[PDB]
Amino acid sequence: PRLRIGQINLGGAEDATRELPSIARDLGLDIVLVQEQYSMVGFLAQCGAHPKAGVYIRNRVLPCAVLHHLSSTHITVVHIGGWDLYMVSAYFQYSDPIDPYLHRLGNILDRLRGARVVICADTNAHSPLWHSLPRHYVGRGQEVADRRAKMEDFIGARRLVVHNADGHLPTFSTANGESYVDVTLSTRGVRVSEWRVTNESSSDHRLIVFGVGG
């Protein structure tokens, strides 16, 4: 009927990474787009020596192709056969300029022009688009403001849809407080349903779950 997707930054923790299979089984997730995984595990599609993004395919039989020419350590691109859907897991390194990542994503979207694409990214950016509070993106310095602007400009230029729904738990919780930096986007036309933030993961980030159609 519809694919069940998970999105989660694992904080580089081995335990949070190793608990994914059980969570996927419990919630019936088909695919989980991860960031900051403990890469030494063996159930993740990931690229490079020290990947910061990856894709976990709970059911191996599901036809899934990792697009090598479009993937890198921080952005993993896969194509799900049958559902004719491209999915992207991305990690925008905290404290580093966001520009390089947007250019990379832009190139990916250019090469996948006309296709159905879903992007699960830890943007480490704050915007009312994904329900960040005013105190998260206003009065927090020029970098936060610039990062927000660049992300919003990108989303607009690429005509992408933000699926994060209002009224849900913050996607990131630490000692400094709670924030919303994990975003679920897609090209126009892709139907995303039941989007929600859960407390299934032991990571400081909260596992996002949603469904996508064929």
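Just count from 1 along the sequence shown to find any residue number.
As recorded in the PDB entry, 64-72 is the stretch of 64-72 and 29-37 with the greater mean C-alpha temperature factor.
Stretches 73-81 and 92-100 differ in mean CA B factor, with 92-100 having the higher one.
Based on the entry's C-alpha B-factors, the most elevated value among 52, 58, 147, 163 belongs to 58. For residue 5, the recorded CA temperature factor ranks within the middle third of the chain's modelled residues. Per the PDB record, residue ranking by Cα B-factor puts residue 113 in the highest third of the chain.
Ranked against the other modelled residues of its chain, the C-alpha B-factor of residue 174 as given in the entry falls in the highest third.
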